[PDB]
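entry09.cif (mmCIF, N, CA and C atoms and all ligand atoms) appears below.
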data_final
loop_
_atom_site.label_atom_id
_atom_site.label_comp_id
_atom_site.auth_asym_id
_atom_site.auth_seq_id
_atom_site.Cartn_x
_atom_site.Cartn_y
_atom_site.Cartn_z
N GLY A 1 -20.33 5.06 0.36
CA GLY A 1 -20.14 4.74 -1.07
C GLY A 1 -19.88 3.25 -1.27
N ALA A 2 -19.59 2.85 -2.51
CA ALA A 2 -19.53 1.42 -2.90
C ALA A 2 -18.35 0.72 -2.23
N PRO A 3 -17.13 1.32 -2.15
CA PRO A 3 -16.03 0.66 -1.42
C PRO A 3 -16.39 0.25 0.02
N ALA A 4 -17.07 1.13 0.77
CA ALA A 4 -17.47 0.85 2.17
C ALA A 4 -18.49 -0.30 2.18
N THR A 5 -19.49 -0.27 1.28
CA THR A 5 -20.53 -1.33 1.14
C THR A 5 -19.86 -2.66 0.76
N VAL A 6 -18.84 -2.63 -0.11
CA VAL A 6 -18.09 -3.86 -0.50
C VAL A 6 -17.23 -4.34 0.67
N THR A 7 -16.55 -3.46 1.40
CA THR A 7 -15.78 -3.90 2.61
C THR A 7 -16.78 -4.52 3.62
N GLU A 8 -17.97 -3.92 3.79
CA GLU A 8 -19.02 -4.33 4.75
C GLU A 8 -19.70 -5.64 4.32
N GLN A 9 -20.15 -5.73 3.06
CA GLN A 9 -21.13 -6.73 2.55
C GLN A 9 -20.49 -7.69 1.54
N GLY A 10 -19.29 -7.39 1.06
CA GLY A 10 -18.73 -8.16 -0.06
C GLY A 10 -18.36 -9.57 0.32
N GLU A 11 -18.45 -10.46 -0.66
CA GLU A 11 -18.04 -11.87 -0.57
C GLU A 11 -16.52 -11.97 -0.70
N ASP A 12 -15.86 -12.64 0.24
CA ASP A 12 -14.43 -13.02 0.14
C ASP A 12 -14.25 -14.10 -0.93
N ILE A 13 -13.57 -13.74 -2.03
CA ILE A 13 -13.39 -14.68 -3.19
C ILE A 13 -11.91 -15.12 -3.24
N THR A 14 -11.18 -15.02 -2.12
CA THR A 14 -9.78 -15.47 -2.01
C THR A 14 -9.73 -16.93 -1.55
N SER A 15 -8.67 -17.62 -1.97
CA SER A 15 -8.25 -18.95 -1.44
C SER A 15 -7.86 -18.82 0.04
N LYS A 16 -7.14 -17.76 0.40
CA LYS A 16 -6.60 -17.58 1.78
C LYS A 16 -7.70 -17.21 2.77
N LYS A 17 -8.82 -16.67 2.30
CA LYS A 17 -9.93 -16.11 3.11
C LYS A 17 -9.35 -14.99 3.98
N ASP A 18 -8.61 -14.05 3.37
CA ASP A 18 -8.00 -12.88 4.01
C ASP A 18 -8.83 -11.64 3.67
N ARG A 19 -9.99 -11.81 3.04
CA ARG A 19 -10.84 -10.65 2.57
C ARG A 19 -10.00 -9.71 1.70
N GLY A 20 -9.01 -10.25 1.02
CA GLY A 20 -8.12 -9.41 0.20
C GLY A 20 -8.75 -9.05 -1.15
N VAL A 21 -9.63 -9.87 -1.64
CA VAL A 21 -10.48 -9.60 -2.84
C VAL A 21 -11.92 -9.82 -2.39
N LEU A 22 -12.68 -8.74 -2.36
CA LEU A 22 -14.09 -8.69 -1.92
C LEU A 22 -14.96 -8.34 -3.13
N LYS A 23 -16.07 -9.04 -3.27
CA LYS A 23 -16.92 -8.98 -4.48
C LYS A 23 -18.37 -8.70 -4.14
N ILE A 24 -18.98 -7.71 -4.82
CA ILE A 24 -20.46 -7.62 -4.87
C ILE A 24 -20.88 -7.66 -6.35
N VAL A 25 -21.81 -8.52 -6.68
CA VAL A 25 -22.44 -8.61 -8.02
C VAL A 25 -23.40 -7.42 -8.17
N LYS A 26 -23.15 -6.58 -9.16
CA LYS A 26 -23.94 -5.37 -9.45
C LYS A 26 -25.03 -5.67 -10.50
N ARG A 27 -24.71 -6.49 -11.50
CA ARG A 27 -25.68 -6.90 -12.54
C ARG A 27 -25.45 -8.38 -12.75
N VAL A 28 -26.49 -9.16 -12.53
CA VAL A 28 -26.43 -10.64 -12.72
C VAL A 28 -26.21 -10.99 -14.18
N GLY A 29 -25.24 -11.87 -14.41
CA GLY A 29 -24.92 -12.35 -15.75
C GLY A 29 -25.86 -13.39 -16.28
N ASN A 30 -25.45 -13.93 -17.42
CA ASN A 30 -26.13 -14.98 -18.23
C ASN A 30 -25.73 -16.36 -17.71
N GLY A 31 -26.71 -17.19 -17.38
CA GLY A 31 -26.46 -18.63 -17.22
C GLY A 31 -25.50 -18.86 -16.08
N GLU A 32 -24.65 -19.87 -16.21
CA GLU A 32 -23.80 -20.34 -15.10
C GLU A 32 -22.34 -20.49 -15.52
N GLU A 33 -22.02 -20.43 -16.81
CA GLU A 33 -20.63 -20.57 -17.27
C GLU A 33 -19.82 -19.35 -16.82
N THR A 34 -18.62 -19.61 -16.32
CA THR A 34 -17.57 -18.61 -16.07
C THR A 34 -16.39 -18.93 -16.96
N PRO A 35 -15.56 -17.92 -17.29
CA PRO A 35 -14.38 -18.15 -18.10
C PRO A 35 -13.42 -19.09 -17.39
N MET A 36 -12.65 -19.81 -18.19
CA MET A 36 -11.68 -20.72 -17.57
C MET A 36 -10.26 -20.31 -17.87
N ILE A 37 -9.37 -20.85 -17.04
CA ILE A 37 -7.93 -20.58 -17.13
C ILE A 37 -7.53 -20.71 -18.58
N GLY A 38 -6.81 -19.69 -19.04
CA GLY A 38 -6.28 -19.61 -20.40
C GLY A 38 -7.26 -19.00 -21.40
N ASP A 39 -8.55 -18.88 -21.10
CA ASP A 39 -9.50 -18.20 -22.04
C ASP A 39 -9.06 -16.73 -22.21
N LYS A 40 -9.31 -16.21 -23.42
CA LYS A 40 -9.32 -14.76 -23.65
C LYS A 40 -10.63 -14.23 -23.10
N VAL A 41 -10.48 -13.13 -22.37
CA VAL A 41 -11.55 -12.46 -21.62
C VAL A 41 -11.64 -11.04 -22.19
N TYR A 42 -12.86 -10.51 -22.31
CA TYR A 42 -13.14 -9.18 -22.86
C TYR A 42 -14.02 -8.48 -21.85
N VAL A 43 -13.55 -7.35 -21.33
CA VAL A 43 -14.27 -6.58 -20.30
C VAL A 43 -14.32 -5.11 -20.67
N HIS A 44 -15.24 -4.41 -20.02
CA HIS A 44 -15.09 -2.96 -19.73
C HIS A 44 -14.78 -2.86 -18.24
N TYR A 45 -14.20 -1.76 -17.82
CA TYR A 45 -13.84 -1.56 -16.39
C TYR A 45 -13.76 -0.07 -16.08
N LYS A 46 -13.85 0.22 -14.77
CA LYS A 46 -13.54 1.52 -14.12
C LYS A 46 -12.76 1.15 -12.86
N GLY A 47 -11.57 1.73 -12.70
CA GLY A 47 -10.71 1.52 -11.51
C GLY A 47 -10.47 2.81 -10.79
N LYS A 48 -10.18 2.71 -9.49
CA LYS A 48 -9.71 3.87 -8.69
C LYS A 48 -8.97 3.35 -7.45
N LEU A 49 -8.11 4.17 -6.91
CA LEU A 49 -7.68 4.03 -5.48
C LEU A 49 -8.95 4.07 -4.60
N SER A 50 -9.13 3.17 -3.63
CA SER A 50 -10.46 2.97 -2.99
C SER A 50 -10.90 4.24 -2.25
N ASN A 51 -9.94 5.10 -1.90
CA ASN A 51 -10.13 6.38 -1.18
C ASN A 51 -10.52 7.47 -2.18
N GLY A 52 -10.41 7.17 -3.49
CA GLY A 52 -10.37 8.13 -4.60
C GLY A 52 -11.72 8.77 -4.84
N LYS A 53 -11.72 10.03 -5.27
CA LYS A 53 -12.94 10.86 -5.47
C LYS A 53 -13.71 10.33 -6.69
N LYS A 54 -12.99 10.04 -7.78
CA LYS A 54 -13.59 9.63 -9.07
C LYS A 54 -12.85 8.42 -9.64
N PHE A 55 -13.52 7.64 -10.47
CA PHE A 55 -12.85 6.57 -11.25
C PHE A 55 -11.80 7.22 -12.16
N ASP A 56 -10.68 6.54 -12.35
CA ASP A 56 -9.67 6.89 -13.38
C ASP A 56 -10.37 6.93 -14.74
N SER A 57 -10.07 7.93 -15.56
CA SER A 57 -10.67 8.17 -16.90
C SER A 57 -9.62 8.00 -18.01
N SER A 58 -8.47 7.36 -17.74
CA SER A 58 -7.29 7.38 -18.65
C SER A 58 -7.25 6.12 -19.54
N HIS A 59 -8.39 5.47 -19.79
CA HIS A 59 -8.50 4.44 -20.87
C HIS A 59 -9.73 4.70 -21.74
N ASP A 60 -9.71 4.20 -22.99
CA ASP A 60 -10.85 4.25 -23.95
C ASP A 60 -12.01 3.39 -23.41
N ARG A 61 -13.14 4.02 -23.04
CA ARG A 61 -14.34 3.29 -22.54
C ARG A 61 -14.98 2.46 -23.67
N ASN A 62 -14.76 2.82 -24.94
CA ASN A 62 -15.32 2.13 -26.14
C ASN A 62 -14.68 0.75 -26.31
N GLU A 63 -13.34 0.70 -26.34
CA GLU A 63 -12.52 -0.50 -26.67
C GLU A 63 -12.56 -1.50 -25.52
N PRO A 64 -12.94 -2.77 -25.75
CA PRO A 64 -12.80 -3.80 -24.74
C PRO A 64 -11.35 -3.98 -24.31
N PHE A 65 -11.16 -4.16 -23.01
CA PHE A 65 -9.92 -4.62 -22.40
C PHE A 65 -9.88 -6.13 -22.49
N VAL A 66 -8.76 -6.63 -23.01
CA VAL A 66 -8.63 -8.07 -23.32
C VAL A 66 -7.39 -8.63 -22.66
N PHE A 67 -7.54 -9.79 -22.02
CA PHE A 67 -6.40 -10.54 -21.43
C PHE A 67 -6.75 -12.04 -21.38
N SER A 68 -5.72 -12.85 -21.14
CA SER A 68 -5.78 -14.32 -21.00
C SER A 68 -5.92 -14.62 -19.51
N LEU A 69 -7.05 -15.19 -19.10
CA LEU A 69 -7.35 -15.37 -17.66
C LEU A 69 -6.35 -16.35 -17.04
N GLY A 70 -5.90 -16.03 -15.82
CA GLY A 70 -5.12 -16.96 -14.97
C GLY A 70 -3.71 -17.16 -15.44
N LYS A 71 -3.16 -16.20 -16.20
CA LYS A 71 -1.83 -16.29 -16.80
C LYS A 71 -0.92 -15.18 -16.25
N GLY A 72 -1.32 -14.48 -15.18
CA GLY A 72 -0.49 -13.41 -14.60
C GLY A 72 -0.30 -12.26 -15.57
N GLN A 73 -1.27 -11.98 -16.42
CA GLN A 73 -1.16 -10.83 -17.34
C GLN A 73 -1.77 -9.60 -16.68
N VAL A 74 -2.48 -9.79 -15.55
CA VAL A 74 -3.09 -8.68 -14.80
C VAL A 74 -2.77 -8.89 -13.31
N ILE A 75 -3.11 -7.92 -12.49
CA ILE A 75 -2.92 -8.03 -11.01
C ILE A 75 -3.72 -9.30 -10.54
N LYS A 76 -3.24 -9.92 -9.47
CA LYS A 76 -3.76 -11.19 -8.92
C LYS A 76 -5.28 -11.09 -8.75
N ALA A 77 -5.76 -9.96 -8.23
CA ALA A 77 -7.19 -9.78 -7.94
C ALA A 77 -8.06 -9.99 -9.18
N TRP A 78 -7.58 -9.57 -10.35
CA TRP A 78 -8.37 -9.77 -11.61
C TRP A 78 -8.38 -11.23 -12.05
N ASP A 79 -7.23 -11.92 -11.93
CA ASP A 79 -7.19 -13.37 -12.28
C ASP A 79 -8.20 -14.08 -11.34
N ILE A 80 -8.24 -13.70 -10.06
CA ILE A 80 -9.21 -14.30 -9.10
C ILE A 80 -10.65 -13.87 -9.44
N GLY A 81 -10.86 -12.57 -9.59
CA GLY A 81 -12.18 -11.92 -9.66
C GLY A 81 -12.89 -12.30 -10.95
N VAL A 82 -12.21 -12.10 -12.07
CA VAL A 82 -12.88 -12.30 -13.37
C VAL A 82 -13.28 -13.77 -13.54
N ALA A 83 -12.50 -14.69 -12.97
CA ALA A 83 -12.77 -16.14 -13.09
C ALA A 83 -14.14 -16.47 -12.48
N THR A 84 -14.62 -15.60 -11.59
CA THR A 84 -15.88 -15.83 -10.85
C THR A 84 -17.10 -15.26 -11.56
N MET A 85 -16.90 -14.59 -12.67
CA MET A 85 -17.95 -13.77 -13.31
C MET A 85 -18.62 -14.54 -14.46
N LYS A 86 -19.92 -14.41 -14.55
CA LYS A 86 -20.72 -14.94 -15.66
C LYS A 86 -20.64 -13.97 -16.84
N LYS A 87 -20.90 -14.46 -18.07
CA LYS A 87 -21.02 -13.55 -19.22
C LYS A 87 -22.06 -12.46 -18.93
N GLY A 88 -21.73 -11.19 -19.12
CA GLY A 88 -22.71 -10.11 -18.95
C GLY A 88 -22.74 -9.57 -17.53
N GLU A 89 -22.08 -10.21 -16.60
CA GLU A 89 -22.04 -9.76 -15.20
C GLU A 89 -21.32 -8.44 -15.08
N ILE A 90 -21.82 -7.56 -14.20
CA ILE A 90 -21.03 -6.40 -13.69
C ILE A 90 -20.79 -6.68 -12.20
N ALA A 91 -19.54 -6.63 -11.79
CA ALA A 91 -19.14 -6.82 -10.39
C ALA A 91 -18.33 -5.64 -9.91
N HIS A 92 -18.38 -5.43 -8.59
CA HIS A 92 -17.47 -4.57 -7.82
C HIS A 92 -16.46 -5.43 -7.10
N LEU A 93 -15.19 -5.06 -7.24
CA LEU A 93 -14.06 -5.64 -6.49
C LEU A 93 -13.38 -4.58 -5.63
N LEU A 94 -13.09 -4.93 -4.38
CA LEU A 94 -12.34 -4.13 -3.39
C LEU A 94 -11.13 -4.97 -2.98
N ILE A 95 -9.94 -4.47 -3.32
CA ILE A 95 -8.69 -5.25 -3.39
C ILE A 95 -7.62 -4.68 -2.45
N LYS A 96 -7.06 -5.52 -1.58
CA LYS A 96 -5.94 -5.20 -0.70
C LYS A 96 -4.66 -5.17 -1.52
N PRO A 97 -3.65 -4.42 -1.06
CA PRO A 97 -2.44 -4.17 -1.86
C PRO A 97 -1.71 -5.47 -2.23
N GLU A 98 -1.84 -6.56 -1.49
CA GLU A 98 -1.04 -7.77 -1.79
C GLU A 98 -1.67 -8.50 -3.00
N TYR A 99 -2.86 -8.11 -3.44
CA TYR A 99 -3.52 -8.66 -4.66
C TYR A 99 -3.51 -7.63 -5.79
N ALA A 100 -2.78 -6.56 -5.59
CA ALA A 100 -2.67 -5.46 -6.56
C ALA A 100 -1.19 -5.12 -6.74
N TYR A 101 -0.73 -3.96 -6.32
CA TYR A 101 0.63 -3.46 -6.64
C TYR A 101 1.52 -3.50 -5.39
N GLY A 102 1.00 -4.04 -4.27
CA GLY A 102 1.84 -4.36 -3.11
C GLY A 102 2.67 -3.17 -2.62
N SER A 103 3.84 -3.43 -2.04
CA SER A 103 4.72 -2.37 -1.47
C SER A 103 5.21 -1.46 -2.60
N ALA A 104 5.47 -2.00 -3.80
CA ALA A 104 6.14 -1.23 -4.88
C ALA A 104 5.22 -0.10 -5.36
N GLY A 105 3.94 -0.38 -5.33
CA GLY A 105 2.97 0.38 -6.11
C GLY A 105 3.41 0.45 -7.56
N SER A 106 2.97 1.48 -8.25
CA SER A 106 3.36 1.79 -9.63
C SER A 106 3.23 3.29 -9.80
N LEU A 107 4.24 4.02 -9.35
CA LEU A 107 4.19 5.48 -9.30
C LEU A 107 4.24 6.01 -10.73
N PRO A 108 3.59 7.16 -11.00
CA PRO A 108 2.88 7.94 -9.98
C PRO A 108 1.45 7.57 -9.58
N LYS A 109 0.69 6.89 -10.43
CA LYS A 109 -0.78 6.74 -10.21
C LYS A 109 -1.06 5.83 -9.02
N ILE A 110 -0.20 4.84 -8.78
CA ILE A 110 -0.52 3.84 -7.72
C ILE A 110 0.55 3.92 -6.64
N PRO A 111 0.24 4.53 -5.49
CA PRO A 111 1.21 4.59 -4.43
C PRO A 111 1.48 3.21 -3.83
N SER A 112 2.53 3.16 -2.99
CA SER A 112 2.89 2.00 -2.17
C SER A 112 1.63 1.62 -1.38
N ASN A 113 1.40 0.34 -1.17
CA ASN A 113 0.40 -0.12 -0.18
C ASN A 113 -0.99 0.42 -0.49
N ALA A 114 -1.43 0.34 -1.77
CA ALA A 114 -2.71 0.94 -2.21
C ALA A 114 -3.81 -0.13 -2.24
N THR A 115 -4.95 0.19 -1.65
CA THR A 115 -6.19 -0.59 -1.78
C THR A 115 -6.90 -0.05 -3.02
N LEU A 116 -7.32 -0.93 -3.92
CA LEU A 116 -8.02 -0.55 -5.17
C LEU A 116 -9.49 -0.98 -5.20
N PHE A 117 -10.25 -0.28 -6.04
CA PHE A 117 -11.68 -0.53 -6.27
C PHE A 117 -11.92 -0.55 -7.79
N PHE A 118 -12.54 -1.60 -8.27
CA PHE A 118 -13.00 -1.69 -9.68
C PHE A 118 -14.48 -1.99 -9.80
N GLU A 119 -15.05 -1.47 -10.90
CA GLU A 119 -16.30 -1.98 -11.50
C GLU A 119 -15.89 -2.68 -12.80
N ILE A 120 -16.21 -3.96 -12.93
CA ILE A 120 -15.86 -4.74 -14.15
C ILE A 120 -17.14 -5.25 -14.81
N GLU A 121 -17.21 -5.14 -16.14
CA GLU A 121 -18.30 -5.76 -16.94
C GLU A 121 -17.69 -6.83 -17.84
N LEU A 122 -18.03 -8.07 -17.61
CA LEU A 122 -17.52 -9.19 -18.44
C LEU A 122 -18.37 -9.27 -19.71
N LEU A 123 -17.78 -8.93 -20.86
CA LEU A 123 -18.54 -8.90 -22.13
C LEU A 123 -18.54 -10.29 -22.73
N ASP A 124 -17.40 -10.96 -22.74
CA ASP A 124 -17.32 -12.24 -23.48
C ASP A 124 -16.07 -13.00 -23.05
N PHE A 125 -16.02 -14.27 -23.42
CA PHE A 125 -14.79 -15.06 -23.25
C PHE A 125 -14.80 -16.21 -24.25
N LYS A 126 -13.62 -16.73 -24.58
CA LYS A 126 -13.42 -17.72 -25.66
C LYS A 126 -12.20 -18.55 -25.33
N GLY A 127 -12.31 -19.87 -25.50
CA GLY A 127 -11.17 -20.80 -25.47
C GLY A 127 -10.41 -20.81 -26.79
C1 LIG A 201 0.96 -10.23 -12.60
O1 LIG A 201 1.06 -8.91 -12.03
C2 LIG A 201 0.83 -7.86 -12.85
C3 LIG A 201 0.55 -7.95 -14.24
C4 LIG A 201 0.41 -6.75 -14.89
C5 LIG A 201 0.52 -5.56 -14.30
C6 LIG A 201 0.42 -4.27 -15.10
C7 LIG A 201 -0.77 -3.40 -14.75
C8 LIG A 201 -1.96 -4.04 -15.25
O2 LIG A 201 -3.08 -3.32 -14.61
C9 LIG A 201 -3.97 -4.12 -14.02
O3 LIG A 201 -3.79 -5.33 -13.88
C10 LIG A 201 -5.11 -3.50 -13.51
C11 LIG A 201 -6.29 -4.37 -13.79
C12 LIG A 201 -6.70 -4.39 -15.33
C13 LIG A 201 -7.04 -3.06 -15.74
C14 LIG A 201 -5.95 -2.09 -15.50
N1 LIG A 201 -5.38 -2.15 -14.05
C15 LIG A 201 -5.26 -1.06 -13.28
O4 LIG A 201 -4.64 -1.23 -12.18
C16 LIG A 201 -5.59 0.29 -13.72
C17 LIG A 201 -5.53 1.31 -12.49
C18 LIG A 201 -6.70 0.96 -11.55
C19 LIG A 201 -6.52 1.94 -10.27
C20 LIG A 201 -6.73 3.35 -10.72
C21 LIG A 201 -5.63 3.73 -11.68
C22 LIG A 201 -5.57 2.81 -12.88
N2 LIG A 201 -4.70 0.85 -14.78
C23 LIG A 201 -5.25 1.38 -15.92
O5 LIG A 201 -6.49 1.46 -16.01
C24 LIG A 201 -4.31 2.13 -16.77
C25 LIG A 201 -5.02 2.65 -18.04
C26 LIG A 201 -3.87 3.33 -15.96
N3 LIG A 201 -3.13 1.35 -17.23
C27 LIG A 201 -1.72 1.98 -17.26
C28 LIG A 201 -3.35 0.18 -17.90
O6 LIG A 201 -4.49 -0.32 -17.89
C29 LIG A 201 -2.20 -0.38 -18.64
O7 LIG A 201 -2.72 -1.55 -19.34
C30 LIG A 201 -2.66 -2.76 -18.72
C31 LIG A 201 -2.86 -3.91 -19.43
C32 LIG A 201 -2.70 -5.16 -18.83
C33 LIG A 201 -2.37 -5.18 -17.44
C34 LIG A 201 -2.18 -4.04 -16.71
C35 LIG A 201 -2.33 -2.82 -17.36
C36 LIG A 201 0.83 -5.50 -12.92
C37 LIG A 201 0.97 -6.66 -12.22
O8 LIG A 201 1.33 -6.70 -10.89
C38 LIG A 201 1.53 -5.56 -10.14
#

Starting from the file, lay out its structure as structure tokens.
Amino acid sequence: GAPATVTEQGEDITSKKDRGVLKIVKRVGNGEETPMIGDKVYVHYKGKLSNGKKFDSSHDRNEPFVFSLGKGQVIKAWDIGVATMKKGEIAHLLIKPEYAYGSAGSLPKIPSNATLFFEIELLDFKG
């Protein structure tokens, strides 16, 4: 499945080069601009525990998810990952626990020491 292909083939997009955030581009975006630190970002997403049978279904797929990039409003992996995405891009991210919920997790849905998998679609961004 996609987590194994991303662990196998994914690009390391970390500063540390610890393969803690691994990326495969699923749909090539528009042009060359990526969102910048402090921009509002608008995405759709699907997340799961990387071992997980199905994507989590507990958010509205219609409504864009919105956050301010690089401001610690999301797990570290998203501040890293989304910054790399072109408008219209769909990417896969495979994330080690130190770029997600670490030792604490976030019970019940996210256990301690959880590796996560996302599909993200970058819809738009604005300064
Ligand atoms: C700076 O560090 C953090 C900042 C914010 C948080 C709160 C959780 C945060 O969730 C996320 O960052 C990620 C990525 C953005 C989409 C939602 N996130 C999820 O982890 C998913 C998760 C993926 C694994 C499968 C189970 C679900 N969570 C969600 O999809 C749900 C709907 C379950 N969830 C509670 C939220 O999306 C709550 O809304 C958020 C809004 C902003 C940031 C976070 C969550 C946690 C942080 O560190 C642990």

* Please, which residues have at least one atom within 6 Å of an atom of ligand LIG 201 (chain A), using only C-alpha atoms and all ligand atoms, listed as a PyMOL selection string? -> chain A and resi 47-49+56+58-59+72-75+100-101+109+116

* To do: Would you work out the distance separating atom N of residue 46 (chain A) from CA of residue 121 (chain A), expressed in Å to one decimal?
  =>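 Separation of atom N of residue 46 (chain A) and CA of residue 121 (chain A): 7.8 Å.
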
* Residue list (helix (DSSP H, G or I), DSSP) for chain A, as a PyMOL selection string -> chain A and resi 2-9+76-82+97-99

* Distance of CA of residue 107 (chain A) from CA of residue 83 (chain A), expressed in Å to one decimal place ->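 Straight-line distance from CA of residue 83 (chain A) to CA of residue 107 (chain A) works out to 27.7 Å.
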
* Pick from A:12, A:98, A:63, A:119 nearest to residue 76 (chain A), counting only N, CA and C atoms ->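 Between A:12, A:98, A:63, A:119, the residue approaching residue 76 (chain A) most closely is A:98.
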
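In this comparison, which uses all atoms listed in the file, the residue of A:34, A:68, A:113, A:7 approaching residue 84 (chain A) most closely is A:34.
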
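The shortest atom-to-atom distance to residue 82 (chain A), with only N, CA and C atoms taken into account, belongs to A:122 out of A:54, A:9, A:122, A:27.
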
* To do: Would you please extract all strand (DSSP E or B) residues from chain A, as assigned by DSSP on the backbone, and give them as a VMD selection string?
  => chain A and resid 11 to 12 21 to 27 30 40 to 49 65 to 68 87 90 to 95 106 110 116 to 126

* Asked: In terms of the shortest atom-to-atom distance over only C-alpha atoms, which of A:20, A:111, A:127, A:52 is closest to residue 78 (chain A)?
  ->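 Looking at the shortest contact to residue 78 (chain A), the residue is A:20.
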
* To do: Between A:5, A:15, A:39, A:70, single out the one closest to residue 125 (chain A), counting all atoms listed in the file.
  =>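 Answer, going by the shortest atom-to-atom distance: A:39.
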
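Distances to residue 62 (chain A) were evaluated for A:94, A:28, A:44, A:16 using all atoms listed in the file, and the minimum falls at A:44.
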
* **Nearby residues (all atoms listed in the file) at most 6 Å from residue 114 (chain A), same-chain spacing under 3 positions excluded, as a list in words** =>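 Residues meeting the cut-off are residues 95, 96, 97, 102 and 111 of chain A.
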
* Separation of atom C of residue 13 (chain A) from atom N of residue 81 (chain A), in Å and rounded to one decimal ->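 Here the two named atoms are 6.9 Å from each other.
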
Enclose all atoms of region 42-55 of chain A listed in the file in an axis-aligned box, grow every side by 6 Å, and hand back centre and edge lengths in Å to one decimal, as JSON.
{"center_x": -11.5, "center_y": 0.2, "center_z": -12.0, "size_x": 19.6, "size_y": 33.4, "size_z": 33.7}

Please rebuild region 109-121 of chain A with N, CA, C and O atoms and give the result as a PDB file, keeping the file's coordinate frame.
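What landed in out05.pdb:
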ATOM      1  N   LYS A 109       0.690   6.890 -10.430  1.00  0.00           N
ATOM      2  CA  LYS A 109      -0.780   6.740 -10.210  1.00  0.00           C
ATOM      3  C   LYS A 109      -1.060   5.830  -9.020  1.00  0.00           C
ATOM      4  O   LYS A 109      -2.118   6.007  -8.397  1.00  0.00           O
ATOM      5  N   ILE A 110      -0.200   4.840  -8.780  1.00  0.00           N
ATOM      6  CA  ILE A 110      -0.520   3.840  -7.720  1.00  0.00           C
ATOM      7  C   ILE A 110       0.550   3.920  -6.640  1.00  0.00           C
ATOM      8  O   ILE A 110       1.706   3.538  -6.814  1.00  0.00           O
ATOM      9  N   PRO A 111       0.240   4.530  -5.490  1.00  0.00           N
ATOM     10  CA  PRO A 111       1.210   4.590  -4.430  1.00  0.00           C
ATOM     11  C   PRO A 111       1.480   3.210  -3.830  1.00  0.00           C
ATOM     12  O   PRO A 111       0.706   2.287  -4.042  1.00  0.00           O
ATOM     13  N   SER A 112       2.530   3.160  -2.990  1.00  0.00           N
ATOM     14  CA  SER A 112       2.890   2.000  -2.170  1.00  0.00           C
ATOM     15  C   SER A 112       1.630   1.620  -1.380  1.00  0.00           C
ATOM     16  O   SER A 112       0.928   2.538  -0.900  1.00  0.00           O
ATOM     17  N   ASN A 113       1.400   0.340  -1.170  1.00  0.00           N
ATOM     18  CA  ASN A 113       0.400  -0.120  -0.180  1.00  0.00           C
ATOM     19  C   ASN A 113      -0.990   0.420  -0.490  1.00  0.00           C
ATOM     20  O   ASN A 113      -1.733   0.775   0.479  1.00  0.00           O
ATOM     21  N   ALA A 114      -1.430   0.340  -1.770  1.00  0.00           N
ATOM     22  CA  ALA A 114      -2.710   0.940  -2.210  1.00  0.00           C
ATOM     23  C   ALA A 114      -3.810  -0.130  -2.240  1.00  0.00           C
ATOM     24  O   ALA A 114      -3.624  -1.194  -2.840  1.00  0.00           O
ATOM     25  N   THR A 115      -4.950   0.190  -1.650  1.00  0.00           N
ATOM     26  CA  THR A 115      -6.190  -0.590  -1.780  1.00  0.00           C
ATOM     27  C   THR A 115      -6.900  -0.050  -3.020  1.00  0.00           C
ATOM     28  O   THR A 115      -6.958   1.182  -3.163  1.00  0.00           O
ATOM     29  N   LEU A 116      -7.320  -0.930  -3.920  1.00  0.00           N
ATOM     30  CA  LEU A 116      -8.020  -0.550  -5.170  1.00  0.00           C
ATOM     31  C   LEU A 116      -9.490  -0.980  -5.200  1.00  0.00           C
ATOM     32  O   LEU A 116      -9.917  -2.002  -4.553  1.00  0.00           O
ATOM     33  N   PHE A 117     -10.250  -0.280  -6.040  1.00  0.00           N
ATOM     34  CA  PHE A 117     -11.680  -0.530  -6.270  1.00  0.00           C
ATOM     35  C   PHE A 117     -11.920  -0.550  -7.790  1.00  0.00           C
ATOM     36  O   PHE A 117     -11.406   0.360  -8.461  1.00  0.00           O
ATOM     37  N   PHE A 118     -12.540  -1.600  -8.270  1.00  0.00           N
ATOM     38  CA  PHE A 118     -13.000  -1.690  -9.680  1.00  0.00           C
ATOM     39  C   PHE A 118     -14.480  -1.990  -9.800  1.00  0.00           C
ATOM     40  O   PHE A 118     -15.020  -2.788  -9.008  1.00  0.00           O
ATOM     41  N   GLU A 119     -15.050  -1.470 -10.900  1.00  0.00           N
ATOM     42  CA  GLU A 119     -16.300  -1.980 -11.500  1.00  0.00           C
ATOM     43  C   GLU A 119     -15.890  -2.680 -12.800  1.00  0.00           C
ATOM     44  O   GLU A 119     -15.080  -2.097 -13.537  1.00  0.00           O
ATOM     45  N   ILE A 120     -16.210  -3.960 -12.930  1.00  0.00           N
ATOM     46  CA  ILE A 120     -15.860  -4.740 -14.150  1.00  0.00           C
ATOM     47  C   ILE A 120     -17.140  -5.250 -14.810  1.00  0.00           C
ATOM     48  O   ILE A 120     -18.018  -5.841 -14.096  1.00  0.00           O
ATOM     49  N   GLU A 121     -17.210  -5.140 -16.140  1.00  0.00           N
ATOM     50  CA  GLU A 121     -18.300  -5.760 -16.940  1.00  0.00           C
ATOM     51  C   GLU A 121     -17.690  -6.830 -17.840  1.00  0.00           C
ATOM     52  O   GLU A 121     -16.819  -6.479 -18.654  1.00  0.00           O
TER      53      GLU A 121
END
